[PDB]
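Student: Here come the first chain(s), positioned as in the complex:
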Amino acid sequence: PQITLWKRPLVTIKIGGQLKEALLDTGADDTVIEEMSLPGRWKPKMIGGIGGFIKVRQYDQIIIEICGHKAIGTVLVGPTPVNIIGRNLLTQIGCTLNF
């Protein structure tokens, strides 16, 4: 698909058996989801951006389905104001910016 940017590029994702809405964010290095349980090992991480830093849990090798495309990668879980799909997963679905 071709997604215009007149509104926030929100899409449905499937993660940890749950359907959620998330923002396709080219400015994010990482994928960050609001509090939820994920299986496996995790380690703490700090991520920064506008407003400063938040502490999150880093889960590796998490399968995700984004707008119907399956991928795998690291998923961070913590107090983000919005679920964001960052570059680490956007690359896997072949997402590019075009102008």
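Tutor: Great, that's in hand. Residues are numbered from 1 along each chain as shown, chains lettered A, B, ... in the order given.
Student: In which helix or strand does the residue nearest to residue A:78 when sequence neighbours are not counted reside?
Tutor: Closest residue to residue A:78 apart from its sequence neighbours, by C-beta to C-beta, 6 or more residues apart in numbering: residue A:56 at 3.2 Å. From N, CA and C alone the C-beta is placed, and that goes for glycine too. Element membership for residue A:56, per DSSP states H and E: strand A:52-66.
Student: In that strand, which residues are buried?
Tutor: By 16 or more other C-beta atoms under 10 Å, the buried positions in strand A:52-66 come out as A:54, A:56, A:58-59, A:62, A:64, A:66.
Student: Now that we have these, can you turn them into CSV and tack on distance to residue A:15?
Tutor: CSV is the format used below for the buried residues of strand A:52-66 (distance: C-beta to C-beta, whole Å):
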residue, distance to residue A:15
A:54, 19
A:56, 15
A:58, 15
A:59, 10
A:62, 7
A:64, 5
A:66, 9
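Student: Show the contacting residues for the residue nearest to residue A:78.
Tutor: Residues near residue A:56 by C-beta atoms under 8 Å, 6 or more residues apart in numbering: A:32, A:44-47, A:76-80.
Student: So in terms of bridging, what pairs with it?
Tutor: residue A:45 (DSSP bridges).
Student: extra chain here, label it chain B:
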Amino acid sequence: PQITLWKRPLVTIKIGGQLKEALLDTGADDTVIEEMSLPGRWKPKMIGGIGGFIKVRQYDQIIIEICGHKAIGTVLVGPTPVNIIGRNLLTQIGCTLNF
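Tutor: Chain B added:
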């Protein structure tokens, strides 16, 4: 151009006759630049990011070139960690997300 996301989508911008580097950010509603002088009057604005909210100065109808494409619109100035080109200007340059 077509920009992949294996690395940060950093581009050159020109504002106030000066070249700067900025991130093309589909997750950002607005465009926010690090401290600099801009002409005219400004209005107050609060923006929220991954770590919370920050106060910025809102300047309207600012001429800005983004990766060689001319835009004229709102630019926020404040304590952002990186210069961000958000949707307000990505739409002016005809940028879309594609996969």
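Student: The buried residues of strand A:52-66 again please, this time with chain B.
Tutor: Neighbour-count burial for strand A:52-66, counted by 16 or more other C-beta atoms under 10 Å in any protein chain shown, picks out A:52, A:54, A:56, A:58-59, A:62, A:64, A:66.
Student: cool, and stretch A:12-25?
Tutor: Buried, per 16+ other C-beta under 10 Å, within stretch A:12-25: A:13, A:15-16, A:22-25.
Student: Spell out which parts of chain A neighbour chain B.
Tutor: A:1-6, A:8-9, A:23-29, A:32, A:47-54, A:67, A:69, A:80-81, A:84, A:87, A:90-91, A:93-99 (C-beta under 8 Å from any C-beta of the partner chain).
Student: and those residues, which are buried?
Tutor: A:3, A:5, A:8-9, A:23-28, A:32, A:47, A:49-52, A:54, A:67, A:80, A:84, A:87, A:90-91, A:93, A:95-97, A:99.
Student: Among the residues you listed, name the ones in strands.
Tutor: When DSSP state E is applied, those are split such that A:3, A:23-24, A:32, A:47, A:49, A:52, A:54, A:84, A:96-97 fall in strands.
Student: among those, which two are most distant?
Tutor: Using C-beta to C-beta, the two most remote members of those are A:52 and A:96, lying 29.9 Å apart.
Student: Could you find the residue in chain A that comes nearest to chain B?
Tutor: Per C-beta to the nearest C-beta, residue A:50 is where chain A lies closest to chain B, at 2.4 Å.
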